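Only one chain is given next, in structure tokens, and it is the form deposited in one PDB entry.
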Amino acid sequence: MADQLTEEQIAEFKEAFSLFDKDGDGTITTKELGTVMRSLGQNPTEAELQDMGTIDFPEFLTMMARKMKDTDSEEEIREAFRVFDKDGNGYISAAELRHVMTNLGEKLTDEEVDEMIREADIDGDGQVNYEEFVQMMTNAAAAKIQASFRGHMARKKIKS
């Protein structure tokens, strides 16, 4: 899993991490976690209360790598939503939303498009702020979107 990380990233993380190895050695306490990440360049907020009483170095390398992955695919889905934002005002009408989902990619079906709508912030004129939708879900493009929404729907119903 650290295999996903570059040798420079691994040194970067060794250093940062060891700087807060003010001992009990090989471990940092979870309180210093916020700080370590910032002494890099992350500014997390509560995605950081979710992140996991001390973290050892392999699991820090792990969280870090899992986070690169957590952000790349975030970008990938915002990318997809951009492809479909006619003018780029950061918005997509529910109608445009319904049209591409059902018409491109692994075509969803209208019953499974309605629930891709209810959850999202209210009908801002029929418009949809898709960023408040990427932050919720956490051609080929519709497929990246469609695949993710499914993953989001898998998560919600995994409760019951």
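By rigid core we mean the largest C-alpha set that fits within 1.5 Å across both forms. All residue numbers refer to positions in the sequence shown, first residue = 1.
K.L.:
Enter the number of deposited residues without atomic coordinates between residue 18 and residue 19, binned as none, 1 to 3, 4 to 9, or 10 or more.
P.N.:
Going from residue 18 to residue 19, the model skips no residues of the deposited sequence.
K.L.:
Counting only residues that lack coordinates, how big is the gap in the deposited sequence between residue 52 and residue 53? Pick none, 1 to 3, 4 to 9 or 10 or more.
P.N.:
According to the record, 4 to 9 deposited residues lack coordinates from residue 52 to residue 53.
K.L.:
Output the stretch having the higher mean C-alpha B factor in the entry; the candidates are 118 to 126 and 25 to 33.
P.N.:
If you average the C-alpha B-factors of 118 to 126 and of 25 to 33, the larger mean comes out for 118 to 126.
K.L.:
For the stretches 106 to 114 and 34 to 42, which has the higher mean C-alpha B-factor as given in the deposited record?
P.N.:
The entry gives the higher C-alpha B-factor average to 106 to 114.
K.L.:
In the PDB entry, which of 94, 47, 100, 68 has its C-alpha at the highest B-factor?
P.N.:
That would be 47, according to the entry.
K.L.:
According to the PDB entry, is the CA B factor of residue 138 in the bottom, middle or top third of its chain, that is, lowest, middle or highest?
P.N.:
For residue 138, the deposited C-alpha B-factor lands in the highest third.
Absent from the display: the form deposited in another entry. The rest refers to it.
K.L.:
Core-aligned, between the shown form and the other one, one residue among 92, 101, 28, 64 moves its CA by 2 Å or more. Tell me which.
P.N.:
After core superposition, the one over threshold is 101.
K.L.:
Does the distance between the two CA positions of residue 112 reach 2 Å or more between the shown form and the other one, the core being superposed?
P.N.:
Yes.
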